[PDB]
2 protein chains.
Amino acid sequence: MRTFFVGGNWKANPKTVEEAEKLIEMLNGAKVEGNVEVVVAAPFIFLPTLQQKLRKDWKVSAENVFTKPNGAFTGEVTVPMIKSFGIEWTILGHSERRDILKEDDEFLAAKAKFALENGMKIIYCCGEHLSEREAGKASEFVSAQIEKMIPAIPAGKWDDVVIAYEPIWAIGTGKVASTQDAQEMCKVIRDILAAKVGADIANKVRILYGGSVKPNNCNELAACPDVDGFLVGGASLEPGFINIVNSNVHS
Amino acid sequence: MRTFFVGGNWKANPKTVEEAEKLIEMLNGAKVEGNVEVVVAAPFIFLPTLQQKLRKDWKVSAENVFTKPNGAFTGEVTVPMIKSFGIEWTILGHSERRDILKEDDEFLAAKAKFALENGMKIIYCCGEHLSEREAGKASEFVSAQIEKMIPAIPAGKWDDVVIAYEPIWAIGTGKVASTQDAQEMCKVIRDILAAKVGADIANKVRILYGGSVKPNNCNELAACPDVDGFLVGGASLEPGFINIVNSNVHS
Ligand code: NA
Ligand code: NA
């Protein structure tokens, strides 16, 4: 039995440390039902306050890290810096960084390798764009991303890896994803793991749905056999986040 | 008389919050001579501790910011977040971000516009690469960068703008820059400002040397008529930083 996993990705929000602290206080009072692993990802500059104030049964995550321990990389934040605060998680490969910030698969593989080799746990994001979706080539595209990922995972570190599927074809495109879509692609990913690295690893790795998750669809999505949780966007800034965390009882 | 200006760019250093706090304590005990404006730029995740612990007669700076107030930009830090801590400065356009992180001039112009329109002061970086240097086309190249910058500066905000010249042709290239080189390019920049936006603005804007600045060359460089200070790299992590700040007495 894989522990249900819910990551709250604040993205570049909120605007002020005051709003962040109010948000934390909200999360600290939330009543979690069932068995669920909860992680909260926030902007770098809010990480210290999050680590300090967030309920200790949840974990803090970065939204990105660089490839090196330190050095001449103006503007970048590195794994050692994050760890020095006691922070154990980072998101990698989010579609927004792949797209807006031009992060390619080689950059991302290097990050996953460095992060894991340095004691961190990763939420690794993948997902196909509209054209591959419409061509019926989603599985091929996603497979290539996972294959670029796999060689970065050090032996014995798959327990520290969580994979999130983003239906990029449904983000800002005029298309929406169904519950069945989410299940199908999470299954696609799991089968890729089983074929490439073995059933034992495939059965243990949490695969999350990273599309639009809201209180109105989290229960239905949670029930999908291959969906082990969510990487939540907007709802993670709202009270609806606890409903999403509690969707685990339908999984 | 332009106030001498020294920015300490920690870049992606140090590795741990503990090292950062020790570094701050060092800077807090430093005896500054003369008249000099001091700014210290650190990784996002260290900004809160810096803002809190750094001597109040110096100012804290980000090493980068995004183009938007907030939103779906996983991994990015924004102007409002930084300001919510009382932080007033950011570096923009550093060669390492232009090169490694692929930031282009349009991205950078947008950042300068947004930052300044939102109450922040900027250290805007420019500088030509080896090929333009060797072709004797440095001034042409740098002019293009400044021209892309100028339309972003809102009326009445040139007092909030500092420009740093990076001899990228001398960074990781096997070539070294002389004191005369620094002076020549700082002058080039000032003349570009005078021609494009007027002598009054050109006479007020601080132009910094962003090449290799160390205790062994800061006095000589400081004396250069058009060099109003430095954006310091490695030395800003060392005790030699105070020598650099104190070089102002030779300007
Ligand atoms: Na499930
Ligand atoms: Na001078």
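Whatever order the structure lists ligands and atoms in, that order sets their numbers, starting from 1. Residue numbers start from 1 in every chain, and the chains themselves are labelled A, B, ... in the order their sequence lines are given, proteins ahead of strands. Because only heavy atoms are used, hydrogens play no part in the values below, and waters and symmetry mates are left out as well, while side chains stay in.
For B/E128, the side chain to side chain donor-acceptor pair (under 3.5 Å) partners at least two apart in sequence or on another chain are B/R133, B/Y165, B/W169.
Ion pairing between a basic and an acidic side chain is recognised when a charged N comes within 4.0 Å of a carboxylate O; B/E37 and B/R206 show such pairing.
Judged by distance alone, the side chains of B/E166 and B/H94 do bring a donor and an acceptor atom under 3.5 Å apart. Side chain to side chain, B/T90 and B/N64 fail the donor-acceptor criterion of an N or O pair below 3.5 Å.
Put simply, the side chain of B/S143 reaches to within 4.5 Å of the side chain of B/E147, judged on heavy atoms.
The number of protein N, O or S atoms lying under 3.0 Å from the Na ion (ligand 2) is 4.
Remark: the backbone N or O of A/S212 is paired with a side-chain donor or acceptor of A/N217 at under 3.5 angstrom.
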